[PDB]
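As structure tokens, the structure follows; a few thoughts come after it.
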Amino acid sequence: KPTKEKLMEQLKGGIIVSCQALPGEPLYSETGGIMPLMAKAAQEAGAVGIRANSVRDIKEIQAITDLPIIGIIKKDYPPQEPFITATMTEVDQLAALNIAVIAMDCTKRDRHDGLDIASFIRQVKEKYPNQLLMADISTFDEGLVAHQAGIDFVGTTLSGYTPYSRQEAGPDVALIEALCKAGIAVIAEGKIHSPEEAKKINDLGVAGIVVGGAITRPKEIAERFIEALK
């Protein structure tokens, strides 16, 4: 449980690496053991944090690194859309892992539990006052709503992954900058594919930067190489 100040010191000017592989992906292992190696690679490279999904993966990663973890549990709650740490059940399991940050879908979309997002954020903060939280959002207003509700960090991971957000390819640098200017602790995340993009984003004065697929999804990296040849 690092203080926000201490965590901000740790994350500033560095790269957080998202080490995820869902069933169906080439690096998904039913018995685990792959994502911890990815996290180890990130640590050896000089990464300042890890983003990880699932109780299993988080625990395996904790076993090999002391880097702070942003943790999520991806689980569908149909008919509603959110799946990144969608209900208190996922929050509770993540709280039990003793990790630095819990990230969760904080979009404006209808929630399975019927709560408005601000109410849920307040509920989590009331239940776990000592837990730092990150709001995965898609739009500027969603970031503002989450911040006013008491979220510690606002992340841009869902921009381009909701129908009403920016659909264009590449990182949502306009959203990142706008949130930074508004005086919000921003963790830039989503579609950051090149070191050049990462530097541009870092220059905006973000609290942190998460790079995922560009480091830890060889399939997606290879696809981009292959596409350039067409």
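Every read-out reported here was derived from the displayed coordinates using simple, explicitly stated rules and does not represent laboratory data. Heads up, the Cβs are rebuilt from the backbone with ideal geometry, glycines too, and the neighbour counts pull from every protein chain shown.
Of all the criteria given as (1) under 26 Å from residue 150 (Cβ atoms); (2) touching a strand residue (DSSP E or B) at 6+ places or on another chain (Cβ under 9 Å), the one not satisfied by residue 110 is (2). Just checking, does region 143-155 include any residue being farther than 16 Å from residue 182 by Cβ, assigned to a loop (DSSP other than H, G, I, E, B) and touching a residue at least 12 places away in the same chain (Cβ under 8 Å)? Among the residues of region 143-155, not one is farther than 16 Å from residue 182 by Cβ, assigned to a loop (DSSP other than H, G, I, E, B) and touching a residue at least 12 places away in the same chain (Cβ under 8 Å), which makes the answer no. I'd like the residue in region 38-57 that is small (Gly, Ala, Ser) and crowded, with 19+ Cβ neighbours inside 10 Å and, out of all such residues, is nearest to the chain's Cα centre (by Cα). Selected residue: 52. Applying a threshold of 6 Å to beta carbon distances and a minimum spacing of six or more residues, or different chains, the list of pairs starting in region 19-45 at a residue that is of a type in the set (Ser, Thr, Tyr) and ending at one that is surrounded by 10 or more Cβ atoms within 10 Å (Cβ to Cβ) reads 28/21. The numbered conditions (1) in contact with a strand residue (DSSP E or B) (Cβ under 7 Å, 6 or more places away or on another chain); (2) surrounded by fewer than 18 Cβ atoms within 10 Å (Cβ to Cβ); (3) not hydroxyl-bearing (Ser, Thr, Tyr) are all true for residue 211 except (2).
Sub-9 Å Cβ pairs linking a first residue in region 184-195 that is farther than 16 Å from residue 138 by Cβ and in contact (Cβ under 8 Å) with a residue 40 or more places away in the chain to a second residue that is part of a loop (DSSP other than H, G, I, E, B) and aliphatic (A, V, I, L, M), at least 6 apart or interchain, are 185/151; 185/206; 185/207, ordered by first then second residue. If you check residue 120 against the conditions, is it touching a helix residue (DSSP H, G or I) at 6+ places or on another chain (Cβ under 9 Å), within 24 Å of residue 212 (Cβ to Cβ) and either in contact (Cβ under 8 Å) with a residue 12 or more places away in the chain or surrounded by 19 or more Cβ atoms within 10 Å (Cβ to Cβ) (or both)? No; evaluated as a whole, the condition is false for this residue.
Listed residues 59, 1, 108; which is outside any loop (DSSP other than H, G, I, E, B), in contact (Cβ under 8 Å) with a residue 24 or more places away in the chain and among the basic types (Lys, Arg)? 59 is the lone residue from the list that is outside any loop (DSSP other than H, G, I, E, B), in contact (Cβ under 8 Å) with a residue 24 or more places away in the chain and among the basic types (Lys, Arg). Name the residue that is nearest to the chain's Cα centre (by Cα), counting only residues in region 84-100 that are under 20 Å from residue 21 (Cβ atoms) and either charged (D, E, K, R) or assigned to a strand (DSSP E or B) (or both). Per the criteria, the residue is 84.
Here region 1-37 is the region considered, the condition is being among the β-branched types (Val, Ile, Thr) and either touching a helix residue (DSSP H, G or I) at 6+ places or on another chain (Cβ under 6 Å) or crowded, with 22+ Cβ neighbours inside 10 Å (or both), and the residue that is farthest from residue 220 (Cα to Cα) is 16.
Only a single item in (1) of a type in the set (A, V, I, L, M); (2) in contact with a helix residue (DSSP H, G or I) (Cβ under 6 Å, 6 or more places away or on another chain); (3) crowded, with 16+ Cβ neighbours inside 10 Å is not met by residue 64, and it is number (3).
In region 188-211, the residue that is farthest from residue 70 (Cα to Cα) out of those that are touching a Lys or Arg at 6+ places or on another chain (Cβ under 9 Å) and not in a loop (DSSP other than H, G, I, E, B) is 197.
Hey, does region 127-140 have a residue that's on the phi > 0 side of the Ramachandran plot, in a loop (DSSP other than H, G, I, E, B), within 17 Å of the chain's Cα centre (by Cα) and without any contact (Cβ under 8 Å) to a residue 60 or more places away in the chain?
no
If you go through region 179-201 and keep only what is buried (at least 17 other Cβ atoms within 10 Å of the Cβ) and over 14 Å from residue 17 (Cα atoms), you end up with 179, 180, 184, 185, 186, 197, 201.
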